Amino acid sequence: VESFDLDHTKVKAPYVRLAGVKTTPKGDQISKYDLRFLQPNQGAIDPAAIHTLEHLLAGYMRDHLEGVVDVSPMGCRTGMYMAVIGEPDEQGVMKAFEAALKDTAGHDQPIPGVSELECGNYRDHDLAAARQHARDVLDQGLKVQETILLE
């Protein structure tokens, strides 16, 4: 329940998907979401670009969604992972993500927090590619993806 056993060949990117739910000791719920940009195993986002997307979405997701724990790039680089304090709400996360991506696509200012003081690899960034990935997702159109379990 904390991490659904997803069949990666059956999903349709881009999408938002509830990936698991963890209940805290006092009864609160931590919802985990799979924010998929690319189709699994059909290519990956460049390290620089996903790093920049991390910098931009960290802030833009919080402008549109409450209770965000963190937004992290997935090791597979086809999307972002995000934990949110609150009961599952795929529709609300989808709308927040869509709004955050519009902010990212239209981000023509310096990348926030890029320096040796605030960033662990300040030289590895790509705004242009980050913005274009946001645009591609919006062009294709997002949807809530159901979890197809493996056998």
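Residues carry their position along the shown sequence, with the first being 1.
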Item to check | Stretch with the higher entry mean CA B-factor, where the candidates are 103 to 111 and 50 to 58 | outcome: 103 to 111
Checklist entry - Which has the higher mean CA temperature factor in the PDB entry, 61 to 69 or 32 to 40? => result 61 to 69
Next on the checklist: Lowest, middle or highest third: which one holds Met94 when the chain's residues are ordered by CA B-factor from the entry?
Outcome noted: highest
Next on the checklist: Quick check for you: using the entry's CA B-factors within this chain, is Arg17 in the lowest, middle or highest third?
Outcome noted: lowest
Checklist entry - Looking at the C-alpha B-factor of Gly120, is it in the lowest, middle or highest third of its chain? => result lowest
Checklist outcome for this item: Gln140: C-alpha B-factor third of its chain, per the entry, is the highest
Item to check | Ranked C-alpha temperature factor of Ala83 among modelled chain residues, by third | outcome: lowest
